[PDB]
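run00.cif follows (mmCIF, N, CA and C atoms):
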data_start
#
loop_
_atom_site.label_atom_id
_atom_site.label_comp_id
_atom_site.auth_asym_id
_atom_site.auth_seq_id
_atom_site.Cartn_x
_atom_site.Cartn_y
_atom_site.Cartn_z
N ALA A 947 141.11 -87.86 -1.29
CA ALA A 947 139.79 -87.47 -1.74
C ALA A 947 139.37 -86.16 -1.10
N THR A 948 140.33 -85.26 -0.94
CA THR A 948 140.03 -83.97 -0.34
C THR A 948 139.11 -83.17 -1.27
N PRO A 949 138.08 -82.54 -0.73
CA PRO A 949 137.19 -81.75 -1.59
C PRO A 949 137.89 -80.52 -2.12
N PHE A 950 137.53 -80.16 -3.36
CA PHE A 950 137.98 -78.91 -3.99
C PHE A 950 139.44 -78.96 -4.41
N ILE A 951 139.98 -80.14 -4.71
CA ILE A 951 141.42 -80.29 -5.11
C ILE A 951 141.51 -80.57 -6.60
N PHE A 952 140.40 -80.93 -7.21
CA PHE A 952 140.35 -81.34 -8.63
C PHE A 952 139.34 -80.43 -9.32
N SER A 953 139.78 -79.61 -10.26
CA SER A 953 138.92 -78.64 -10.96
C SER A 953 138.25 -79.19 -12.21
N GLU A 954 137.64 -78.32 -12.99
CA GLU A 954 137.07 -78.69 -14.30
C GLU A 954 138.21 -78.97 -15.28
N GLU A 955 139.27 -78.17 -15.21
CA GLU A 955 140.42 -78.33 -16.13
C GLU A 955 141.16 -79.61 -15.76
N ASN A 956 141.51 -79.78 -14.49
CA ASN A 956 142.12 -81.04 -14.01
C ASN A 956 140.98 -81.81 -13.38
N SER A 957 140.48 -82.82 -14.05
CA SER A 957 139.29 -83.54 -13.56
C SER A 957 139.75 -84.69 -12.72
N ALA A 958 138.84 -85.25 -11.95
CA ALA A 958 139.19 -86.44 -11.19
C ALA A 958 139.13 -87.68 -12.07
N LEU A 959 138.13 -87.76 -12.95
CA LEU A 959 138.02 -88.91 -13.82
C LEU A 959 139.20 -89.01 -14.77
N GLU A 960 139.64 -87.88 -15.33
CA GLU A 960 140.85 -87.89 -16.16
C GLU A 960 142.04 -88.43 -15.38
N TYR A 961 142.27 -87.90 -14.18
CA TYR A 961 143.41 -88.31 -13.37
C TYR A 961 143.38 -89.81 -13.09
N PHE A 962 142.27 -90.32 -12.56
CA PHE A 962 142.23 -91.72 -12.17
C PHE A 962 142.11 -92.66 -13.35
N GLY A 963 141.54 -92.21 -14.47
CA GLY A 963 141.55 -93.04 -15.66
C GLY A 963 142.94 -93.15 -16.26
N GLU A 964 143.72 -92.07 -16.20
CA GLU A 964 145.12 -92.18 -16.59
C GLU A 964 145.87 -93.13 -15.67
N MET A 965 145.63 -93.04 -14.36
CA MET A 965 146.23 -93.99 -13.43
C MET A 965 145.89 -95.43 -13.81
N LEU A 966 144.61 -95.70 -14.10
CA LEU A 966 144.20 -97.05 -14.46
C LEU A 966 144.83 -97.50 -15.77
N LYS A 967 144.73 -96.68 -16.82
CA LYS A 967 145.33 -97.01 -18.10
C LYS A 967 146.83 -97.21 -18.00
N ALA A 968 147.48 -96.65 -16.98
CA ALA A 968 148.89 -96.89 -16.75
C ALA A 968 149.16 -98.23 -16.07
N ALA A 969 148.11 -98.96 -15.68
CA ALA A 969 148.26 -100.26 -15.05
C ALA A 969 147.80 -101.40 -15.96
N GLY A 970 147.43 -101.10 -17.20
CA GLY A 970 146.93 -102.11 -18.10
C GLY A 970 145.43 -102.27 -18.11
N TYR A 971 144.72 -101.60 -17.21
CA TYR A 971 143.27 -101.59 -17.23
C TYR A 971 142.81 -100.49 -18.19
N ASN A 972 141.52 -100.22 -18.25
CA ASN A 972 141.00 -99.28 -19.24
C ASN A 972 140.63 -97.96 -18.58
N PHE A 973 140.69 -96.89 -19.37
CA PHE A 973 140.44 -95.55 -18.86
C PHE A 973 139.17 -95.49 -18.03
N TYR A 974 138.04 -95.87 -18.62
CA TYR A 974 136.74 -95.60 -18.02
C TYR A 974 136.42 -96.52 -16.85
N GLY A 975 137.35 -97.39 -16.45
CA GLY A 975 137.16 -98.18 -15.26
C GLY A 975 136.30 -99.41 -15.42
N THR A 976 135.96 -99.78 -16.65
CA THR A 976 135.11 -100.93 -16.92
C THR A 976 135.99 -102.11 -17.32
N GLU A 977 135.85 -103.21 -16.60
CA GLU A 977 136.42 -104.49 -17.00
C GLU A 977 135.27 -105.43 -17.33
N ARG A 978 135.47 -106.29 -18.32
CA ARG A 978 134.38 -107.13 -18.80
C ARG A 978 134.36 -108.47 -18.09
N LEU A 979 133.18 -108.83 -17.62
CA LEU A 979 132.96 -110.00 -16.79
C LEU A 979 132.37 -111.14 -17.61
N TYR A 980 132.35 -112.32 -17.01
CA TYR A 980 131.60 -113.46 -17.52
C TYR A 980 130.44 -113.74 -16.58
N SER A 981 129.46 -114.47 -17.08
CA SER A 981 128.32 -114.86 -16.26
C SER A 981 128.66 -116.15 -15.53
N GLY A 982 128.63 -116.11 -14.21
CA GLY A 982 128.93 -117.29 -13.44
C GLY A 982 127.86 -118.35 -13.47
N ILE A 983 126.76 -118.10 -14.16
CA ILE A 983 125.64 -119.03 -14.23
C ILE A 983 125.51 -119.65 -15.61
N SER A 984 125.70 -118.86 -16.67
CA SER A 984 125.69 -119.39 -18.02
C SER A 984 127.08 -119.57 -18.61
N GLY A 985 128.08 -118.89 -18.06
CA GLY A 985 129.44 -119.05 -18.53
C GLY A 985 129.80 -118.25 -19.75
N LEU A 986 128.97 -117.28 -20.13
CA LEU A 986 129.16 -116.50 -21.34
C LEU A 986 129.58 -115.08 -20.97
N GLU A 987 130.43 -114.50 -21.81
CA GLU A 987 130.85 -113.12 -21.59
C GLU A 987 129.68 -112.18 -21.83
N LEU A 988 129.24 -111.51 -20.77
CA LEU A 988 128.13 -110.57 -20.90
C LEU A 988 128.42 -109.55 -21.98
N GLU A 989 127.35 -109.04 -22.60
CA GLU A 989 127.53 -108.14 -23.73
C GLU A 989 128.05 -106.77 -23.29
N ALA A 990 127.68 -106.34 -22.09
CA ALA A 990 128.11 -105.06 -21.55
C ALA A 990 129.33 -105.27 -20.66
N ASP A 991 130.29 -104.35 -20.75
CA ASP A 991 131.43 -104.37 -19.85
C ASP A 991 131.09 -103.62 -18.57
N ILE A 992 131.43 -104.22 -17.44
CA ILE A 992 130.93 -103.79 -16.14
C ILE A 992 131.91 -102.83 -15.51
N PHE A 993 131.40 -101.98 -14.62
CA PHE A 993 132.20 -101.01 -13.89
C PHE A 993 132.52 -101.59 -12.51
N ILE A 994 133.78 -101.95 -12.29
CA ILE A 994 134.18 -102.59 -11.05
C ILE A 994 135.32 -101.79 -10.43
N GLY A 995 135.44 -101.88 -9.11
CA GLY A 995 136.43 -101.10 -8.40
C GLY A 995 136.46 -101.47 -6.94
N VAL A 996 137.17 -100.67 -6.15
CA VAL A 996 137.36 -100.91 -4.72
C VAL A 996 136.77 -99.72 -3.98
N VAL A 997 135.79 -99.97 -3.12
CA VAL A 997 135.18 -98.92 -2.32
C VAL A 997 135.13 -99.34 -0.86
N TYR A 998 135.06 -98.34 0.02
CA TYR A 998 135.17 -98.53 1.46
C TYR A 998 133.77 -98.60 2.06
N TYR A 999 133.39 -99.77 2.56
CA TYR A 999 132.08 -99.97 3.16
C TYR A 999 132.14 -99.94 4.68
N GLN A 1000 131.17 -99.27 5.27
CA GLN A 1000 130.92 -99.29 6.70
C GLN A 1000 129.73 -100.19 6.99
N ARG A 1001 129.72 -100.80 8.16
CA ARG A 1001 128.62 -101.64 8.59
C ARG A 1001 127.86 -100.92 9.70
N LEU A 1002 126.56 -100.75 9.51
CA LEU A 1002 125.74 -99.97 10.42
C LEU A 1002 125.28 -100.82 11.59
N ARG A 1003 124.89 -100.13 12.66
CA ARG A 1003 124.62 -100.73 13.96
C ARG A 1003 123.20 -101.28 14.09
N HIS A 1004 122.42 -101.15 13.02
CA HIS A 1004 121.00 -101.55 13.00
C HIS A 1004 120.94 -102.91 12.35
N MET A 1005 120.55 -103.91 13.12
CA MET A 1005 120.56 -105.29 12.62
C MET A 1005 119.16 -105.85 12.84
N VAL A 1006 118.73 -106.77 12.00
CA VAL A 1006 117.38 -107.37 12.09
C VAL A 1006 117.31 -108.10 13.42
N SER A 1007 118.43 -108.44 14.03
CA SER A 1007 118.46 -109.21 15.28
C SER A 1007 118.00 -108.34 16.44
N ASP A 1008 117.93 -107.04 16.24
CA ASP A 1008 117.60 -106.07 17.29
C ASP A 1008 116.26 -105.42 16.97
N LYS A 1009 115.76 -105.62 15.76
CA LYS A 1009 114.49 -105.03 15.30
C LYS A 1009 113.63 -106.12 14.68
N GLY B 103 139.88 -11.00 44.36
CA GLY B 103 140.95 -11.99 44.48
C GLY B 103 140.50 -13.39 44.12
N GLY B 104 139.29 -13.52 43.70
CA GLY B 104 138.78 -14.82 43.28
C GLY B 104 139.04 -15.11 41.82
N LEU B 105 138.58 -16.32 41.37
CA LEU B 105 138.67 -16.76 39.98
C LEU B 105 137.44 -16.32 39.19
N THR B 106 137.69 -15.75 38.00
CA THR B 106 136.59 -15.24 37.15
C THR B 106 136.63 -15.94 35.79
N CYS B 107 135.50 -16.01 35.08
CA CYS B 107 135.52 -16.60 33.72
C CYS B 107 136.31 -15.70 32.76
N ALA B 108 137.18 -16.29 31.93
CA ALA B 108 138.06 -15.48 31.05
C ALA B 108 137.54 -15.56 29.62
N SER B 109 138.34 -15.15 28.61
CA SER B 109 137.73 -15.15 27.28
C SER B 109 137.59 -16.57 26.74
N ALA B 110 136.58 -16.77 26.00
CA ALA B 110 136.33 -18.06 25.38
C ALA B 110 137.50 -18.49 24.50
N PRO B 111 137.84 -19.73 24.58
CA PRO B 111 138.90 -20.19 23.68
C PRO B 111 138.57 -19.96 22.21
N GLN B 112 139.56 -19.67 21.39
CA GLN B 112 139.39 -19.38 19.98
C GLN B 112 139.53 -20.64 19.13
N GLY B 113 140.10 -21.69 19.73
CA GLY B 113 140.29 -22.94 19.01
C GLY B 113 140.55 -24.12 19.92
N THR B 114 140.41 -25.30 19.36
CA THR B 114 140.69 -26.54 20.07
C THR B 114 141.68 -27.40 19.30
N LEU B 115 142.62 -27.98 20.01
CA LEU B 115 143.54 -28.96 19.46
C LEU B 115 143.32 -30.33 20.09
N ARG B 116 143.10 -31.36 19.28
CA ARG B 116 142.96 -32.74 19.79
C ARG B 116 144.14 -33.52 19.24
N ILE B 117 144.95 -34.09 20.11
CA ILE B 117 146.14 -34.87 19.79
C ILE B 117 145.83 -36.36 19.93
N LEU B 118 146.36 -37.13 18.98
CA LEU B 118 146.26 -38.60 19.07
C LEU B 118 147.59 -39.07 18.46
N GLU B 119 148.06 -40.29 18.76
CA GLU B 119 149.33 -40.82 18.20
C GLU B 119 149.02 -41.88 17.13
N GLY B 120 149.45 -41.68 15.89
CA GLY B 120 149.10 -42.63 14.82
C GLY B 120 150.26 -43.06 13.94
N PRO B 121 150.44 -44.37 13.65
CA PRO B 121 151.46 -44.86 12.72
C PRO B 121 150.89 -44.94 11.29
N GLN B 122 151.69 -45.28 10.27
CA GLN B 122 151.26 -45.23 8.84
C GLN B 122 151.13 -46.60 8.15
N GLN B 123 150.58 -46.64 6.92
CA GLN B 123 150.38 -47.83 6.10
C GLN B 123 151.63 -48.19 5.30
N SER B 124 151.96 -49.50 5.18
CA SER B 124 153.03 -49.92 4.27
C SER B 124 152.55 -50.20 2.86
N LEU B 125 153.45 -50.68 2.00
CA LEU B 125 153.10 -50.98 0.61
C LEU B 125 152.17 -52.19 0.56
N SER B 126 151.24 -52.27 -0.40
CA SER B 126 150.46 -53.50 -0.57
C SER B 126 151.22 -54.59 -1.31
N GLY B 127 151.59 -55.66 -0.60
CA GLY B 127 152.26 -56.80 -1.22
C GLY B 127 151.35 -58.01 -1.34
N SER B 128 150.45 -58.19 -0.37
CA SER B 128 149.42 -59.23 -0.43
C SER B 128 150.01 -60.62 -0.63
N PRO B 129 150.88 -61.10 0.32
CA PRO B 129 151.58 -62.37 0.19
C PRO B 129 150.61 -63.38 0.79
N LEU B 130 149.76 -63.94 -0.05
CA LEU B 130 148.65 -64.82 0.39
C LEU B 130 149.05 -66.11 1.11
N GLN B 131 150.01 -66.89 0.60
CA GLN B 131 150.25 -68.21 1.24
C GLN B 131 151.72 -68.65 1.20
N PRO B 132 152.27 -69.40 2.20
CA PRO B 132 153.64 -69.94 2.12
C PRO B 132 153.72 -70.77 0.84
N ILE B 133 153.19 -72.00 0.87
CA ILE B 133 153.09 -72.78 -0.40
C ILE B 133 151.67 -72.50 -0.88
N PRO B 134 151.45 -71.61 -1.87
CA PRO B 134 150.10 -71.17 -2.26
C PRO B 134 149.23 -72.00 -3.21
N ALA B 135 147.92 -71.71 -3.23
CA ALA B 135 146.97 -72.37 -4.16
C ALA B 135 146.65 -73.78 -3.66
N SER B 136 145.80 -74.52 -4.37
CA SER B 136 145.58 -75.94 -3.99
C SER B 136 146.45 -76.76 -4.94
N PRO B 137 147.66 -77.23 -4.55
CA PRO B 137 148.55 -77.92 -5.49
C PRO B 137 147.87 -79.21 -5.96
N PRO B 138 147.87 -79.48 -7.28
CA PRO B 138 147.16 -80.65 -7.81
C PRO B 138 147.72 -82.05 -7.52
N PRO B 139 146.84 -83.06 -7.32
CA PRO B 139 147.28 -84.45 -7.15
C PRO B 139 147.83 -84.89 -8.51
N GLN B 140 148.83 -85.78 -8.54
CA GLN B 140 149.44 -86.08 -9.87
C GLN B 140 150.05 -87.47 -10.05
N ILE B 141 150.49 -87.77 -11.28
CA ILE B 141 150.99 -89.13 -11.66
C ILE B 141 152.36 -89.50 -11.05
N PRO B 142 152.58 -90.72 -10.47
CA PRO B 142 153.92 -91.11 -10.03
C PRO B 142 154.66 -91.47 -11.33
N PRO B 143 155.92 -91.04 -11.52
CA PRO B 143 156.61 -91.27 -12.80
C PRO B 143 156.81 -92.74 -13.18
N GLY B 144 156.56 -93.08 -14.45
CA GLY B 144 156.73 -94.46 -14.95
C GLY B 144 155.64 -95.41 -14.47
N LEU B 145 155.53 -95.63 -13.15
CA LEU B 145 154.48 -96.50 -12.54
C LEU B 145 154.63 -97.96 -12.96
N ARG B 146 154.35 -98.28 -14.23
CA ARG B 146 154.45 -99.66 -14.80
C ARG B 146 153.18 -100.44 -14.45
N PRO B 147 152.74 -101.41 -15.28
CA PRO B 147 151.61 -102.27 -14.91
C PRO B 147 152.02 -103.17 -13.74
N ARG B 148 151.13 -103.37 -12.77
CA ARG B 148 151.43 -104.28 -11.63
C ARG B 148 150.49 -105.48 -11.72
N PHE B 149 150.22 -105.96 -12.94
CA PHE B 149 149.27 -107.08 -13.16
C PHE B 149 149.40 -107.59 -14.60
N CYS B 150 149.29 -108.91 -14.79
CA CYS B 150 149.34 -109.48 -16.15
C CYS B 150 148.24 -110.53 -16.33
N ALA B 151 147.88 -110.82 -17.58
CA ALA B 151 146.87 -111.86 -17.87
C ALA B 151 147.47 -113.25 -17.70
N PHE B 152 146.62 -114.26 -17.69
CA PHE B 152 147.13 -115.65 -17.59
C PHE B 152 147.24 -116.28 -18.99
N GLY B 153 148.40 -116.88 -19.28
CA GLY B 153 148.62 -117.53 -20.59
C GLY B 153 149.68 -116.81 -21.40
#
Show this structure as structure tokens.
Amino acid sequence: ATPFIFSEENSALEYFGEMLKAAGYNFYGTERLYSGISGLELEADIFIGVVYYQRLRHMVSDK
Amino acid sequence: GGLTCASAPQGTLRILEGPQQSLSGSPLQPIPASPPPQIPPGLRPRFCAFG
């Protein structure tokens, strides 16, 4: 994810959507979910993925 | 028998030592530009549906 490595001509979304479509998923990164409460396939297909979360040092236990 | 002022100099020479410029080649980088990130060949799906 180095800055300034992907231009307007070579886009990042194009690159990673091709990567995804090469794995059987869809270009735009949306997979369609079901509702865990009603059990029905939601009408909109959701955008899901893997992101890196940090946990901050500020906790309600200290404030 | 003493030293007297003589005629004013007619000119001055100033010497300095200087080397010269080479041709402009402008060789910017060993491996140049920002080489683009790219597709691993073939890849293949690493996941299948159930059923």
- Correct to one decimal, the distance CA of residue 133 in chain B-atom C of residue 950 in chain A is 15.5 Å
- Query: If you apply the PyMOL selection byres ((chain A and name CA) within 9 of (chain B and name CA)) to this file, what residues do you get, as a list in words?
  - Reply: residues 950, 951, 952, 956, 961, 964, 965, 967, 968, 969, 970 and 971 of chain A
- Message: Using Å and a single decimal, report how far CA of residue 973 in chain A sits from CA of residue 991 in chain A.
- Response: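 Computing it gives 12.6 Å between the two atoms.
For the atom pair formed by atom N of residue 998 in chain A and CA of residue 983 in chain A, the distance is 26.8 Å, given to one decimal.
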Selection under test: the PyMOL selection byres ((chain A and resi 994) around 7); residues as a PDB file with N, CA and C atoms, keeping the file's coordinate frame:
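part27.pdb, freshly written:
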ATOM      1  N   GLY A 975     137.350 -97.390 -16.450  1.00  0.00           N
ATOM      2  CA  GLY A 975     137.160 -98.180 -15.260  1.00  0.00           C
ATOM      3  C   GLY A 975     136.300 -99.410 -15.420  1.00  0.00           C
ATOM      4  N   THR A 976     135.960 -99.780 -16.650  1.00  0.00           N
ATOM      5  CA  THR A 976     135.110-100.930 -16.920  1.00  0.00           C
ATOM      6  C   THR A 976     135.990-102.110 -17.320  1.00  0.00           C
ATOM      7  N   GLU A 977     135.850-103.210 -16.600  1.00  0.00           N
ATOM      8  CA  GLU A 977     136.420-104.490 -17.000  1.00  0.00           C
ATOM      9  C   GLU A 977     135.270-105.430 -17.330  1.00  0.00           C
ATOM     10  N   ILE A 992     131.430-104.220 -17.440  1.00  0.00           N
ATOM     11  CA  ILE A 992     130.930-103.790 -16.140  1.00  0.00           C
ATOM     12  C   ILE A 992     131.910-102.830 -15.510  1.00  0.00           C
ATOM     13  N   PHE A 993     131.400-101.980 -14.620  1.00  0.00           N
ATOM     14  CA  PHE A 993     132.200-101.010 -13.890  1.00  0.00           C
ATOM     15  C   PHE A 993     132.520-101.590 -12.510  1.00  0.00           C
ATOM     16  N   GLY A 995     135.440-101.880  -9.110  1.00  0.00           N
ATOM     17  CA  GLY A 995     136.430-101.100  -8.400  1.00  0.00           C
ATOM     18  C   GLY A 995     136.460-101.470  -6.940  1.00  0.00           C
ATOM     19  N   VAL A 996     137.170-100.670  -6.150  1.00  0.00           N
ATOM     20  CA  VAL A 996     137.360-100.910  -4.720  1.00  0.00           C
ATOM     21  C   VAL A 996     136.770 -99.720  -3.980  1.00  0.00           C
TER      22      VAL A 996
END
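Residues of chain A assigned to strand (DSSP E) by DSSP on this structure's backbone: residues 976, 977, 992 and 993 of chain A.
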